[PDB]
Asks: 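If you scroll down you'll find the structure; I have some questions about it.
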Amino acid sequence: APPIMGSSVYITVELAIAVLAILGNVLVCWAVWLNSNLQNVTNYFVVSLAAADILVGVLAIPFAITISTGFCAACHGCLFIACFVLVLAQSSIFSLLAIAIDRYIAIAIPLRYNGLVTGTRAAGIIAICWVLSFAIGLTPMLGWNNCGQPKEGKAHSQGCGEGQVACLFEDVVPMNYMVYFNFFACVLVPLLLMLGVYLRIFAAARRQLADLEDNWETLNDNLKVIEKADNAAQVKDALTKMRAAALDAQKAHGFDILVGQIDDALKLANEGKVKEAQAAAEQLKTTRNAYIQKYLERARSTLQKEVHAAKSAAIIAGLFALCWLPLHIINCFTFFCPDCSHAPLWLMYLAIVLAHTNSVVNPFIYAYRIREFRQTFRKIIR
Ligand SMILES: CC(C)CCC[C@@H](C)[C@H]1CC[C@H]2[C@@H]3CC=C4C[C@@H](O)CC[C@]4(C)[C@H]3CC[C@]12C
Ligand SMILES: CC(C)CCC[C@@H](C)[C@H]1CC[C@H]2[C@@H]3CC=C4C[C@@H](O)CC[C@]4(C)[C@H]3CC[C@]12C
Ligand SMILES: Nc1nc(NCCc2ccc(O)cc2)nc2nc(-c3ccco3)nn12
Ligand SMILES: CCCCCCCC/C=C\CCCCCCCC(=O)O
Ligand SMILES: CCCCCCCC/C=C\CCCCCCCC(=O)O
Ligand code: NA
């Protein structure tokens, strides 16, 4: 029975999570500071997220331990301790959203990316995100709370003084706030937007790669049309497709060799010289094996690197959802099913631990998925 025993377990697990969350995320921040190849806008959002995770370990976890005792407290002081973690969760959602959008600009408008997405603007965005996060997570302190209807028997039983409550999460934070405002509007909607941004990212990477492959089969389909053609009207036709395809590819060092050759051969076809156009078009086979093939596979290789980075970002966002959704779903049962008995305490505490674990996991993702983080991690440790 002794509540101190079950409490001892919950506390030592929370403290273990805290140590890990602080250590791992301190290493992320140190790595970005030391390695100028990690100083890019994407990674300022990683740092902001790492800073939220550090604060989970230093403040949210000590707060959660404190609030699990039900200690007597002025109700608004209780709300701050109860709600501060909602600030950190929101800040995380905003950083994750920013990363998604960053990776989308990078892949869908590489033209204007560096031009549109700068480091001083990113800092301004992060500041605004933290301010909003405070405003959302501390909204119960503006009056959307249960401080005006305190549980007087619980306060008396605990020996609390005048104008104090027993400080327990569900006693002071209204469940309509947690479900409608925090979960549906501030968590769920952003996560679905994120899901939409990632669907768009992977679709765009796919269309771009089909195109590269498409333009490439066209240059080749047409080069066999030319080589087996009989009428001259055909050479013109097939070589005309190579040109257009040659420019899309250029857009999508020595393409001007390729286009110059098509142009040479084109003029021959129009002047009725089929055998010499066919032979001139044959030069196109060399410049392809020396240049055009080169654009192709490096473009393929850069594209795949961006998809890889986007996958890494999506995993981090998926793991956030996974760690936090159970608590939100429990709150939905509590709120929407009064006829149901309340989820038991051991499960409440498992869901809280699970959410806190999220703050440990990201450094491992970085280390296993991003070579530059991993290399920087290994150097720091020596
Ligand atoms: C960078 C840091 C060290 C700056 C200084 C932080 C100080 C002001 C903080 C850290 C710990 C805090 C204390 C933590 C707990 C309590 C108990 C509460 O019933 C009254 C406030 C009181 C006594 C706090 C007062 C402010 C405090 C002393
Ligand atoms: C944020 C950094 C710089 C400092 C550490 C946070 C400090 C300010 C936090 C940590 C714990 C908090 C306290 C927790 C409990 C109580 C008792 C309640 O009856 C009034 C509010 C009061 C006194 C809180 C005031 C703010 C507090 C002291
Ligand atoms: N419902 C809930 N409870 C708690 N803590 C108190 C757990 C509890 C619940 C009932 C009870 O009688 C005694 C203790 N922390 C909580 N944090 C959250 C939360 C954060 C983000 C989403 O939900 N929900 N939440
Ligand atoms: C480098 C230090 C990192 C760890 C810092 C942890 C500091 C935790 C700060 C506050 C914990 C909350 C304690 C509140 C106790 C209230 C007790 C009371 O109301 O009488
Ligand atoms: C991050 C800054 C850390 C600075 C050190 C802060 C140290 C204070 C930590 C915990 C204090 C909580 C003690 C609560 C005692 C109240 C119980 C009581 O006496 O009735
Ligand atoms: Na987080």
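Count residues from 1 along the sequence. We count ligands from 1, going down the list as the structure has it; atoms in each ligand are counted the same way.
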Asks: Taking distance alone, with N or O pairs closer than 3.5 Å, would you say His342 contacts ligand 3?
Replies: no

Asks: I need the contact type for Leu345 against ligand 3. Using non-hydrogen atoms and a strict under-4.0 Å cut-off, is it side chain, backbone, both or neither?
Replies: side chain

Asks: What residue and heavy atom of the protein are closest to atom 6 (C) of ligand 3, and at what distance?
Replies: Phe169 CB, 3.6 Å

Asks: Considering only heavy atoms of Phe71, which atoms of ligand 4 have at least one such atom less than 4.0 Å away?
Replies: 19 (O)

Asks: Does at least one non-hydrogen atom of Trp324 fall below 4.0 angstrom from an atom of ligand 3?
Replies: yes

Asks: Check contact between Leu168 and ligand 3, using heavy atoms of the residue and a distance below 4.0 angstrom.
Replies: no

Asks: Report yes if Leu59 has an N/O atom closer than 3.5 Å to an N/O atom of ligand 2; otherwise report no.
Replies: no

Asks: For ligand 3, note which part of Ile352 has a heavy atom under 4.0 Å away: side chain, backbone, both or neither.
Replies: side chain

Asks: Heavy-atom distances under 4.0 Å decide this one: backbone, side chain, both or neither, for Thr66 against ligand 2?
Replies: neither

Asks: Heavy-atom distances under 4.0 Å decide this one: backbone, side chain, both or neither, for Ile67 against ligand 3?
Replies: neither

Asks: Find all atoms of ligand 3 within a distance of less than 4.0 Å from any non-hydrogen atom belonging to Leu86, and give their numbers and elements.
Replies: 20 (C), 21 (C)

Asks: How are the rings of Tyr180 and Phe335 set to each other: parallel, tilted or perpendicular (split at 30° and 60°)?
Replies: perpendicular

Asks: Mind checking whether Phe63 contacts ligand 2 via backbone (N, CA, C, O), side chain (CB onward), both or neither, at a 4.0 Å heavy-atom cut-off?
Replies: side chain

